Amino acid sequence: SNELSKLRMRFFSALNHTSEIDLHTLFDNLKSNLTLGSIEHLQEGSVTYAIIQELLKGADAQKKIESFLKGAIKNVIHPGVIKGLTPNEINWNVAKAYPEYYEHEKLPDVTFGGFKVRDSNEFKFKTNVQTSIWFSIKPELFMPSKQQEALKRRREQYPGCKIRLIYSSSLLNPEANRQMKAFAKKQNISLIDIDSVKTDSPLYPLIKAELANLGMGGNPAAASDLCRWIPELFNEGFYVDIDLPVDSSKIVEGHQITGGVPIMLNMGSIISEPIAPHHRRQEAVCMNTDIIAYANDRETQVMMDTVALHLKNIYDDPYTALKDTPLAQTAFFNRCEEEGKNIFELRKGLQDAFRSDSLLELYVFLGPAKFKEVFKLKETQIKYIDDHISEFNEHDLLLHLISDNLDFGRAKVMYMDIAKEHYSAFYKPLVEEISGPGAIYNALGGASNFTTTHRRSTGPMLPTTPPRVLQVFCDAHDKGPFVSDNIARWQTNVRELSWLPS
Ligand SMILES: O=c1ccn([C@@H]2O[C@H](COP(=O)(O)OP(=O)(O)O[C@H]3O[C@H](CO)[C@@H](O)[C@H](O)[C@H]3O)[C@@H](O)[C@H]2O)c(=O)[nH]1
Ligand SMILES: [Mg+2]
């Protein structure tokens, strides 16, 4: 009866302590069927709240509001709270259930990974089953302290979750592997050795190659990226970057959320500057793969395979995926493409060029156009160099850079450092557009498909435009208990690395 008093207090707050009706008798008439969980969906900002405010202005409001709430609670809100529905999702379900009280548009047709997004709430996701991945580039170290501590932290902050960890035993020496096994079974972590997994995925040999090629153009984050689209590895729960903190205040009582597609990702959006021809801003949905939720459903494998086939296509021919990256503007890239060098040779060659400490090698790598841009040379200046490059030694090239603008050793370092600060921009797309969030965004439908002219609405958010549909039904970040600031939040105005090889 403190329990009753608490419930009563929440109800009176939720409904704004109004006296245009008698909240005492309303409460008393709903309390047989009123839980704390339900009251959240009666608060200002809710669809249910908005209807109450309109009913208040009318005759017979006491009775009309009671019968509205009795049904809305029993038929819509309570079942939705139990099911793991969000406030957004319950708001839409209330609007749909009461068109006489809430005017609203149809669910727009939005496709996402070849699936039409639904509002049925039918795909279900476990928040208590979580899988992370650590592939070590140092055979002596199973996992650094930071990653170990993150895992310990999660077990405590989540306090009965099931943690699975994918790793590679062949990347570790025998003592490191002994340490890994001790760590996992001590932490009650389920270990999965990537080295010996049974699957028909075309992504499996690609993972093995990324890892086998460490030091020769392979990348451990790219391997981790790819594992996430293999059905034998991910068929329920969440993928989460090993380093993501849990926000315990976000853990839902039933350890279950729902979605309108069978695979949800971290999402947000960016509101562009005005564009032609109406000088109007566009909202472009952005996504990230640091948090992925997988439905306990057959449709999960189907959607997963669409993505996997796309990833396979990219690895087979990465030059198309990379066509608008800074690296695409280089002589080296154009040669690699003619030669059909693969992704590993492409990454290793970039790495080699920036390890070279040779202005001449860098010239050959960049080609005159990019070299001109990196060194801010006039057209006539690059023309002279390029006409005579076959005659130059290193000092020759440096003397020309200097005049185009007394320690030749320090000057060399200065110019080398100027080039080096482009390395990151050249390299990152060789993962992000190949296995990472860029490739995945494209596999799920691409820029076009996820951009629309920015519309801002009145009152409670409903899934009535494409980005709203994605925000309401497809975003694993806001529904799950994991924290990430890796991408923009939803509706962010455009105006507001462990895996980079040294
Ligand atoms: O030595 C390493 C370094 C990274 N990783 C894996 O790669 C992931 C991402 O590493 P992180 O240092 O977090 O890189 P970020 O740039 O923050 O990660 C972003 O970019 C990566 C590359 O596409 C994706 O794997 C991530 O999900 C995405 O959040 C890690 O969680 C691990 O799974 C390893 O396994 N071994
Ligand atoms: Mg990270």
Side-chain angles (χ1 to χ4, degrees), residues 130-151 153-154 163-172 176 180 189 191-195 203 206-215 217-230 233-234 238-246 263-268 286-294 307 310-311 314-315 318 321-322 325 343 347 424-425 427-444 476-477 480 482-488 497-502:
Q130 304 155 20
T131 297
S132 289
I133 297 166
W134 195 256
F135 300 126
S136 178
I137 65 168
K138 307 168 180 193
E140 338 74 53
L141 189 64
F142 73 97
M143 178 176 296
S145 296
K146 165 184 150 71
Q147 288 70 22
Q148 297 179 51
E149 294 298 305
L151 290 178
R153 249 27 85 209
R154 252 204 280 142
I163 288 155
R164 306 183 336 198
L165 178 68
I166 304 166
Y167 80 115
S168 171
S169 66
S170 69
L171 289 189
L172 306 176
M180 172 73 289
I189 289 171
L191 217 36
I192 304 149
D193 189 4
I194 192 55
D195 291 359
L203 301 189
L206 302 182
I207 289 158
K208 269 136 45 107
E210 288 283 1
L211 298 190
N213 293 320
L214 289 177
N219 187 289
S224 173
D225 279 344
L226 285 178
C227 287
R228 309 165 210 178
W229 303 94
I230 299 176
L233 293 178
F234 295 80
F238 275 75
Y239 164 78
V240 61
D241 270 4
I242 191 157
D243 79 349
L244 269 13
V246 165
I263 295 159
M264 294 190 301
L265 290 190
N266 185 2
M267 303 190 166
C286 54
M287 54 190 76
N288 200 22
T289 46
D290 59 347
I291 298 164
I292 308 175
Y294 304 91
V307 174
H310 195 254
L311 291 172
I314 291 166
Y315 266 76
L322 293 174
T325 62
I343 184 62
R347 291 208 282 271
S424 199
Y427 183 98
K428 294 200 243 52
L430 304 180
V431 172
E432 280 156 359
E433 300 307 312
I434 302 292
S435 62
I440 295 310
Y441 181 80
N442 292 139
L444 293 177
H477 168 39
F482 314 95
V483 70
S484 163
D485 282 277
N486 292 152
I487 57 166
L497 219 70
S498 70
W499 57 263
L500 189 63
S502 101

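Whatever order the structure lists ligands and atoms in, that order sets their numbers, starting from 1. Note that these values count all heavy atoms, side chains included, but never hydrogens, waters or copies made by symmetry. All residue numbers in this chain count up from 1 along the given sequence.
Residue-ligand proximity, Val431 to ligand 1, at heavy-atom distances under 4.0 Å covers atoms 22 (C), 23 (O). Annotation for ligand 1: atoms under 4.0 Å from non-hydrogen atoms of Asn288 are 29 (O).
Contact record, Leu322 with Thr325: O-OG1, 2.7 Å, taken as the closest heavy-atom pair. The two residues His310 and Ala439 make their nearest non-hydrogen contact at ND1-O, 3.8 Å. Closest approach of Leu265 to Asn288, counting heavy atoms only: CB-O, 3.7 Å. Shown here for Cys227 and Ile133, the closest heavy-atom pair between the two residues is CB-CD1, 3.8 Å. Nearest approach of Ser424 to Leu500, heavy atoms of both residues: OG-CD2, 4.1 Å.
Of all the heavy atoms of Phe135, the ones lying under 4.0 Å from any atom of ligand 1 are found in both the backbone and the side chain. Contacts between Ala221 and ligand 1, counted as non-hydrogen atom pairs separated by less than 4.0 Å, involve both the backbone and the side chain. Heavy atoms from both the backbone and the side chain of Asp290 come within less than 4.0 Å of ligand 1. Here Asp225 has side-chain heavy atoms under 4.0 Å from ligand 1, and that is the only part of it that gets that close. Here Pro437 has side-chain heavy atoms under 4.0 Å from ligand 1, and that is the only part of it that gets that close.
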Practice prompt. Determine, step by step, whether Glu432 and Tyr427 satisfy the side chain to side chain donor-acceptor pair (under 3.5 Å) criterion, reporting the C-alpha distance in whole Å, the side-chain angles of both residues, the deciding distance to 0.1 Å, and the verdict.
Written response: CA-CA 9 Å; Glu432 280 156 359; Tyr427 183 98; over 6 Å; no
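At under 3.5 Å, a nitrogen or oxygen of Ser498, whether backbone or side chain, sits near a nitrogen or oxygen of ligand 1. Checked against a 3.5 angstrom limit, the closest N/O atoms of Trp499 and ligand 1 fall inside it. An N or O contact shorter than 3.5 Å is missing between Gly436 and ligand 1 by distance. In terms of polar-atom proximity, defined here as any N/O pair under 3.5 Å, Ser435 makes no such contact with ligand 1.
Around atom CG of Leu191, more than 12 heavy atoms belonging to other residues, nucleotides or ligands sit under 6.0 Å away.
Taking the six-membered ring wherever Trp is involved, the centroid distance between the rings of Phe482 and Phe238 falls below 6.0 Å.
A cation-pi arrangement is present between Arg228 and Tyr239 under the rule of less than 6.0 angstrom and at most 45 degrees off the ring axis.
When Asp243, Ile291, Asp241 are checked for heavy-atom proximity to atom 26 (C) of ligand 1, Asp241 turns out nearest. Residue nearest to atom 33 (O) of ligand 1, selected from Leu500, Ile133, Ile242, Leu211: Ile133 (by heavy-atom distance).
The closest approach between a heavy atom of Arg228 and any atom of ligand 1 is below 4.0 Å.
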